[PDB]
């Protein structure tokens, strides 16, 4: 259930630690189960990682080894690295499972959790309108009569609005019977009622605010935001 290869983590985690020592022009380590024991190297990896200067104690002594690791554990704790169950004794007395654990937790912190930090940074280059438009388009990708590219004229014919509710709630009505209703005005009241009565959505709009040469962008946007607030919300980002 794990396929936790301790022999493989020994190598790749050493390659990872060495690739960072490389980035900071620092000596490489060769054995992960004993080269992290005195605490000096953990402090150096933490220097390139953090930016701080981490004075290291002398020691040939266990005592210094332990000071050196406690300081690295405090630096790590300030950086919010998971450390549950990893003490300095464990690193100084060479517990290979917890030494691999510590290195995994530093890798998760500074590399694996960047996936999520880059996504959040991606949200930030983005506004709500664009997230909403992507949600409408993904929701309506299997409805060929619909092609949404704006919050104005893509909605006059009444299809996009019905397709969007339909894509989330196929249970509420039949796609083709909206498609053969030639009246746009009638596709619209249909969707507004399904949205008011099946979904609880207040009718901000009248068919003439949508079915018109110059529909109002803000009112449609606002209305479609109401649908988004109560339907599933899978969107694309970055």
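Positions refer to the first chain, counted from 1.
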Once you work out the mean C-alpha B-factor for both 202 to 210 and 60 to 68 from the entry, which is higher?
60 to 68
Per the entry, higher mean C-alpha B factor between 104 to 112 and 141 to 149
141 to 149
Sorting 195, 179, 188, 36 by Cα temperature factor from the record, which one lands on top?
179
Among the modelled residues of this chain, does the Cα B factor of residue 29 put it in the lowest, middle or highest third?
middle
By the recorded C-alpha temperature factor, relative to the other modelled residues in its chain, which third is residue 119 in?
highest
Ranking every modelled residue in this chain by its Cα temperature factor as given in the entry, which third contains residue 97?
lowest
Going by the CA temperature factor in the PDB record, which third of the chain does residue 126 belong to: lowest, middle or highest?
highest
Taking the chain's C-alpha temperature factors as the reference, tell me which third residue 79 falls into: lowest, middle or highest.
lowest
